[PDB]
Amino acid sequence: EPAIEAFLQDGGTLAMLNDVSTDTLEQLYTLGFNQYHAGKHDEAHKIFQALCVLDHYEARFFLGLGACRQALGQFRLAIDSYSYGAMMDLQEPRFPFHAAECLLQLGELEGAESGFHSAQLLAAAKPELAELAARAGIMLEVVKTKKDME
């Protein structure tokens, strides 16, 4: 038991524990990714839940989890997943961005602002991502202005 704990603590995952291969996990990501794009959001959510449990350090399983939740209108729960995902990949702008969208839908402007603002910075830094950087900039304005008319 203390061996399992030390494993877990040092950063081992359930995948490792059950000798689950990188390629089996990828298969399951693919299934989840297709289902999400098929609009089968509820089913995609269940897949991403399994992935997040199998490897609880992969930001993109948390991105997927969060995207399913947002599509189902579960905005609060999506912010939770986008938040944990960010912590696993601090340079990824999609996390604060889609969390901000979710925050705006709930009327939380101060945090929507924070999200769109970080999403812009992080997206700016990478030049592959200027379109998203711009969207973030726009929504940032939309939020600041919706904030002023309160």
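Residue indices: 1-based, along the sequence shown.
Once the C-alpha B-factors are averaged per stretch, 62 to 70 and 38 to 46 rank with 38 to 46 first. Stretches 132 to 140 and 19 to 27 differ in mean CA B factor, with 19 to 27 having the higher one. Residue set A125, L51, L103, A86: peak C-alpha B-factor at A125 (per PDB entry). The entry lists a Cα temperature factor for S114 that places it in the middle third of the chain's modelled residues.
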